[PDB]
Structures are given as structure tokens and as C-alpha cells.
């Protein structure tokens, strides 16, 4: 008896989520750069993200004004982020 379409969707969600979660784990011990609003580019040392909403906890956040020892960059504040594994 065939796998339902719904079961296939659920496997695809799980595959997509697993790959995403691995990409977050890969950020541990790396710098991460962010593209924010008003074209602002910042970078920091990665600490964590929330797993429901893509908020970022970072340290030594470098902005055009200065360095913030610890920061929470809220998901609504971010357009994109980039890192090098």
C-alpha cells in the first residue's frame, strides 16, 4: 500500500529541516555577517539561534558605530546572513 502524498510531504519537511539544522550547527565557532535594514552590513561571532524564530545571539558585534560585546539580532531585523564553514 502506497505512501500517501502527505507522508511524502512530511518526509520532505524533515529532510529540509535536517539540512537547515545542520547549517546552523555549522555556524558554531564561526563569524557570521548580516545584511540588515538601511543597507547596513555587520558581523559578529556566532552564539546561537532560536529554533522557532530565526533570532541570532552573537558576541563582539561589529557595527559602523562600534563593537557590542553581546547582542541579540532579531529575525525581523535581518534580511540575510552569510558565513564560511
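Residue numbers count along the first chain shown, from 1.
Asks: Can you tell me which stretch has the higher mean Cα B-factor, 10-18 or 69-77?
Replies: Stretch with the higher mean C-alpha B-factor: 69-77.
Asks: Quick check on the deposited entry: does the C-alpha B-factor of residue 46 sit in the lowest, middle or highest third of its chain?
Replies: For residue 46, the deposited C-alpha B-factor lands in the lowest third.
Asks: Rank-wise, by C-alpha B-factor, drop residue 40 into the lowest, middle or highest third of its chain.
Replies: As the PDB entry reports it, the C-alpha B-factor of residue 40 lands in the middle third of its chain.
Asks: Quick check for you: using the entry's CA B-factors within this chain, is residue 57 in the lowest, middle or highest third?
Replies: For residue 57, whose C-alpha B-factor we compare with every modelled residue in the chain, the answer is the highest third.
Asks: Going by the recorded CA B-factors, say which third of the chain residue 27 sits in, lowest, middle or highest.
Replies: For residue 27, the deposited C-alpha B-factor lands in the middle third.
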